[PDB]
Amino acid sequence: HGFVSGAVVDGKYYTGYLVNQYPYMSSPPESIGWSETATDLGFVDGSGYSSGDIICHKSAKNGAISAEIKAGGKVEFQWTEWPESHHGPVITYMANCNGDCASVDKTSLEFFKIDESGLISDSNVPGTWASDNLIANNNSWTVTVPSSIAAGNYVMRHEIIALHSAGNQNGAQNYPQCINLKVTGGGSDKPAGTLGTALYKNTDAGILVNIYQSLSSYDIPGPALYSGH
């Protein structure tokens, strides 16, 4: 249980969608963070993987503004205090808005993976995951916008999948958080994108998984990190 309170985009801090505050305001500030209604700080599980909720979290609506970033620049995601029990991968996507991300139909967004991390060390079951690195780094995660992607407006979908109940069907807990980026400079790479509602199935190797028995390998779920980049 947690959410992204902010993002440092090419060195500039942007306040995210404060899901514990903005939903209760007469009129919340604009944010690069998408609004969403998981006001319990909860998750989308496998029962929701073909639902619109998996795209940018429960009933998500477009952030009204975007953060400019030179292609090649970094995004640092700031989470709330992530519970140690919520072991799992940290997966980050971009999708071209093909226009303004403020008015894109979230169900049209074609997500390509730009960063992924899973099981770091198996030594002491259930081991050290991306999510434990995130905790250790003051509950934050840094990714690169590839220097070679095409300039354009993109939703960056940042996600922790907690695997502590993933032993059972629909037990994995997805915590997607979307921000709006305006990528400048760049190259011409247009990686193959996947609809939010096609990213995961509840049978996937990295979704239906028992982290409490030693894993020889972990198969980070979702489409392939585009090898070009």
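Start at 1 with the first residue shown and count on from there.
Trainee: On mean C-alpha B-factor from the PDB entry, just flag whether 44-52 or 171-179 is the higher one.
Mentor: Comparing 44-52 with 171-179, the higher mean C-alpha B-factor belongs to 44-52.
Trainee: Select between 219-227 and 3-11 the stretch whose C-alpha atoms have the higher average B-factor in the entry.
Mentor: For C-alpha atoms only, the mean B-factor is higher in 219-227.
Trainee: Per the entry's Cα B factor values, which of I135, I149, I91, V143 stands out as the maximum?
Mentor: Checking the PDB record, the top C-alpha B-factor among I135, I149, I91, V143 is at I149.
Trainee: Could you check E76, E81, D115, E159 and tell me which one carries the biggest Cα B-factor in the deposited entry?
Mentor: Comparing C-alpha B-factors across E76, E81, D115, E159, the maximum falls on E81.
Trainee: Which third, lowest, middle or highest, does the CA B-factor of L208 fall in along this chain?
Mentor: For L208, the deposited C-alpha B-factor lands in the highest third.
Trainee: Which third of the chain does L109 land in by C-alpha B-factor: lowest, middle or highest?
Mentor: Middle third.
Trainee: When the modelled residues of the chain are sorted by Cα temperature factor, does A67 land in the lowest, middle or highest third?
Mentor: Middle third by C-alpha B-factor.
Trainee: Please place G186 in the lowest, middle or highest third of its chain by C-alpha B factor as given in the entry.
Mentor: Within its chain, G186 is a highest-third residue by C-alpha B-factor, going by the deposited values.
Trainee: Sorting the chain's modelled residues by C-alpha B-factor, tell me whether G196 ends up in the lowest, middle or highest third.
Mentor: Ranked within chain, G196 CA B lands in the lowest tercile.
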